[PDB]
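S.K.: Can you keep this structure in mind? I'll have questions shortly.
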Amino acid sequence: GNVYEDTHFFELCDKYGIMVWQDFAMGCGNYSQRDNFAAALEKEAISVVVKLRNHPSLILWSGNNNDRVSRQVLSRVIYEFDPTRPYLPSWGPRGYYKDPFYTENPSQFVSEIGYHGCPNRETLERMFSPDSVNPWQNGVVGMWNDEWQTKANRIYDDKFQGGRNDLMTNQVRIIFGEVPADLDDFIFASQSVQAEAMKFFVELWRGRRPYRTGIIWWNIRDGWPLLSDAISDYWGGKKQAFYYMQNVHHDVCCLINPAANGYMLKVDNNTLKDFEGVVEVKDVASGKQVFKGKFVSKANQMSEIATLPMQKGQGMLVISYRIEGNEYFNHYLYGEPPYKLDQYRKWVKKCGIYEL
Amino acid sequence: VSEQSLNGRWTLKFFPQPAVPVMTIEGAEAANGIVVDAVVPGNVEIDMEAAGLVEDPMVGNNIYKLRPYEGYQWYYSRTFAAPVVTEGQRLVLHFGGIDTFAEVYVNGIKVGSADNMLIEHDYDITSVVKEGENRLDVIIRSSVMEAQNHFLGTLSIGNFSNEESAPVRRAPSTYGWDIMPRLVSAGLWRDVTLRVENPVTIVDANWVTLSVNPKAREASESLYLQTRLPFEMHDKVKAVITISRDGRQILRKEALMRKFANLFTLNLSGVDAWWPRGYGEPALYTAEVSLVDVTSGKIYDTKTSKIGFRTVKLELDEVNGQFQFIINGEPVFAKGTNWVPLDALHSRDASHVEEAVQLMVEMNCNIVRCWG
């Protein structure tokens, strides 16, 4: 859906070693099957391929779409002007992130998966008018005012209630039971459900290797002052999901995954090196210790450490692991929804990983 | 009805091709260059060697001295007499081989733009021809510089073939190979004639052998005949099909032309099958088609060619060169030579065909793969 980024984008992706998966400029939908359109697209494909075929970051060309454009016009441009990179011719209910729609998705490589999270307060106060910073129209929760409905985003001023913004209040009502009326409590509630969900998915893919091969979440940054499922807004505002996912994106990361009769402390290595260290798992509320042992993470594979026993009720475990004298942190939220917003806010503050 | 040969003495003016390629007669005549006598059919290097301008490319390292001429233009020019053209007839200017990118002018009027050296080029100059001295000018440009008018792909760079041979339609060997030197050359390397065609004429006579029984001496031959026929001449022209051999006549069938295109099937008898060398005899039969007026008996056009009653099938096995040729229903063993260029100066290929084919006759070749 975006234009083709210029060279610098790819120069920076070369300097910092970020592989690029470029999708041809076509969006959800089928396109024409006739000559005059295929000629305009072939001219575009040859132009962009010749321009972006010398960057070591780019690794794949893909057509987002018996389509003549997806399985012919572009396959022919790649076949003649870039035989080095592969070409690929090729959310759901958006409910609870532990629903079988996500935990039982057989996709080894998911390319689009996200969760809603309200932006920071400073972003809200700069976006909306002073009389529209509060989301609740006429003071009743769930009902969004017209400015909030506008920046969900609605393309046309068809004034109505509900829709895309309802995902925020629905997901908060699932995890925390009831949507808070206070705006600062709503921001902390939405960003926490977004953070706990996006962190749960990356941990669910890194922890199920070698079957799971990759996960591309949606997304990292917004392109307008808007209310999205991104983890950071246009203006600099790192929603709380940006910090939760930093600790589950390390080269060597210890993380706990759910299990039937208990839990599973795992470690994932996204390098070609071996690392040793110690990992200590405690309970934030009570303070007791659940596990403490030395783990060995071999190169480029998930390694199972120990089987943690079942924990009673609801709470949060803390994952602290040291590698080469450097302490890294993570956590795991055990139990089943709903929860209490005040109890979750206290668990976070004790773990001391993430500020509030 | 008439075919006047324009072969012979021409006027060749060559000059270095400037930044902007010369396209019109005015630019070629105003350009500074050298003018010598040329022979058509013939290569430009033959016409320069006949003037003492270049040394023999066949001896020593002199082949490298023809390098600067690859970026030269070539201006053929002559005058011809205009044959009389009755109502409905057409005057066709037939080039047998233009090497390669050239602009053809007749009396200063552009009649065609040739861009291929491997096929013939026909131009109807019925309207532009006048009475008296009819000027004919062919202005060829460099084939090497023409390769820069394209953007090649990755899989088209670095192969055995020259990268200049990819965008153009020429012989790849003329640029360099393992058994042929680099002599790109230029010029009318084949016959140039002036054909006159009647309103009723045969456009193409395609012969196809359907069935062959080499034992009972039988064969079924189909003729896909396409003719140009004014509607006033419909129901007034007949097609005369004659199959003969060694003077004796085997079949003669007439049919009234009700359409411009027809399919005539012939269940011939007493004919022999065309077998490859060794597995039988190369039985050829002279096949002739003529369009004759049903009242006055006048012959409008005639196409004569020798055909051979044979069927070919390639049985390929793939995983399970894993194929076998089948001729007339029998598996044959192929043993022969690959045919390579008979001359880097391809206009002299005609003089070597008779001698080189006899080399395969003395070799007892039953197959020959003309190299791409």
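Residue numbering restarts at 1 in every chain; chains get A, B, ... in the order shown in the structure tokens, and ligands count up from 1 in that same order.
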Considering only C-alpha atoms, give me a table of residues in chain B that are at most 7 Å from chain A, with the closest atom pair and distance in Å for each, as a Markdown table.
M.R.:
| residue | atom | partner | partner_atom | distance |
| --- | --- | --- | --- | --- |
| B:153 | CA | A:81 | CA | 5.1 |
| B:154 | CA | A:81 | CA | 5.5 |
| B:155 | CA | A:80 | CA | 6.2 |
S.K.: I'd like to know which residues of segment 37-194 of chain A are strand (DSSP E) (by DSSP, run on the backbone); could you write them as a list in words?
M.R.: residues 58, 59, 60, 61, 62, 87, 88, 109 and 110 of chain A
S.K.: Need to verify the contact set: segment 134-146 of chain A, 9 Å, only C-alpha atoms, exclusion of same-chain residues closer than 6 positions in sequence. Can you return it as a VMD selection string?
M.R.: chain A and resid 124 128 159 to 162 165 to 166 169 to 170 179 to 183
S.K.: At what distance in Å, to one decimal, does atom CA of residue 221 of chain B lie from atom CA of residue 206 of chain B?
M.R.: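 One can read the atom CA of residue 206 of chain B to atom CA of residue 221 of chain B distance as 10.5 Å.
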S.K.: Env of residue 10 of chain B: 8 Å cut, atoms = only C-alpha atoms, seq-sep filter 3 positions within chain, self excluded. Answer as a short mmCIF file (atom, residue, chain, number, x, y, z; two decimals) with N, CA, C and O atoms, in the first residue's frame.
M.R.:
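The result, written out as part_0.cif:
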data_model
loop_
_atom_site.label_atom_id
_atom_site.label_comp_id
_atom_site.auth_asym_id
_atom_site.auth_seq_id
_atom_site.Cartn_x
_atom_site.Cartn_y
_atom_site.Cartn_z
N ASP B 37 33.07 1.27 -56.34
CA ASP B 37 32.14 0.43 -57.07
C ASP B 37 31.83 -0.84 -56.28
O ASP B 37 32.74 -1.48 -55.74
N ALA B 38 30.55 -1.19 -56.22
CA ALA B 38 30.09 -2.34 -55.45
C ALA B 38 29.44 -3.36 -56.37
O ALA B 38 28.97 -3.04 -57.47
N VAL B 39 29.40 -4.60 -55.90
CA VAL B 39 28.79 -5.71 -56.62
C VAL B 39 27.70 -6.31 -55.73
O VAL B 39 27.97 -6.67 -54.58
N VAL B 40 26.49 -6.42 -56.27
CA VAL B 40 25.35 -6.98 -55.57
C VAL B 40 24.94 -8.26 -56.30
O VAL B 40 24.77 -8.23 -57.52
N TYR B 76 24.26 2.19 -50.57
CA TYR B 76 24.07 1.62 -51.89
C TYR B 76 23.17 2.52 -52.72
O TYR B 76 22.21 3.10 -52.20
N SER B 77 23.47 2.63 -54.01
CA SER B 77 22.70 3.50 -54.89
C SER B 77 22.87 3.04 -56.33
O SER B 77 23.97 2.66 -56.74
N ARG B 78 21.78 3.08 -57.08
CA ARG B 78 21.79 2.74 -58.50
C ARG B 78 20.52 3.29 -59.13
O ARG B 78 19.67 3.87 -58.46
#
S.K.: Check the smallest atom-to-atom distance from each of A:331, A:126, A:206, A:173 to residue 249 of chain A using only C-alpha atoms, then report the winner.
M.R.: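 Closest residue, counting only C-alpha atoms: A:206.
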S.K.: One number please: atom CA of residue 204 of chain B to atom CA of residue 226 of chain B, in Å, one decimal.
M.R.: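 Atom CA of residue 204 of chain B sits 5.4 Å away from atom CA of residue 226 of chain B.
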S.K.: Residues within 12 Å of residue 362 of chain B, please, as an mmCIF file with N, CA and C atoms, in the first residue's frame. Count only C-alpha atoms; anything in the same chain fewer than 5 positions from it doesn't count.
M.R.:
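What follows is the written file out-v4.cif:
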data_model
loop_
_atom_site.group_PDB
_atom_site.id
_atom_site.type_symbol
_atom_site.label_atom_id
_atom_site.label_comp_id
_atom_site.auth_asym_id
_atom_site.auth_seq_id
_atom_site.Cartn_x
_atom_site.Cartn_y
_atom_site.Cartn_z
ATOM 1 N N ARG B 277 18.899 -40.761 -46.948
ATOM 2 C CA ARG B 277 20.006 -41.426 -47.621
ATOM 3 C C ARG B 277 20.359 -42.720 -46.897
ATOM 4 N N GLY B 336 25.268 -37.670 -39.287
ATOM 5 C CA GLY B 336 25.560 -36.566 -40.176
ATOM 6 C C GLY B 336 26.327 -35.475 -39.464
ATOM 7 N N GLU B 355 29.452 -27.212 -53.560
ATOM 8 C CA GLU B 355 30.633 -27.979 -53.181
ATOM 9 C C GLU B 355 30.466 -28.613 -51.807
ATOM 10 N N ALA B 356 29.852 -27.892 -50.866
ATOM 11 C CA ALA B 356 29.780 -28.388 -49.497
ATOM 12 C C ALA B 356 28.750 -29.500 -49.347
ATOM 13 N N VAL B 357 27.655 -29.451 -50.112
ATOM 14 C CA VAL B 357 26.656 -30.512 -50.030
ATOM 15 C C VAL B 357 27.232 -31.827 -50.545
#
S.K.: Can you check which residues of segment 162-306 of chain A DSSP gives as helix (DSSP H, G or I) on the backbone and send them as a VMD selection string?
M.R.: chain A and resid 166 to 175 183 to 206 241 to 247
S.K.: Give the answer as one residue: which of A:351, A:133, A:88, A:198 has the shortest atom-to-atom distance to residue 246 of chain A, using only C-alpha atoms?
M.R.: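 The closest residue to residue 246 of chain A is A:198.
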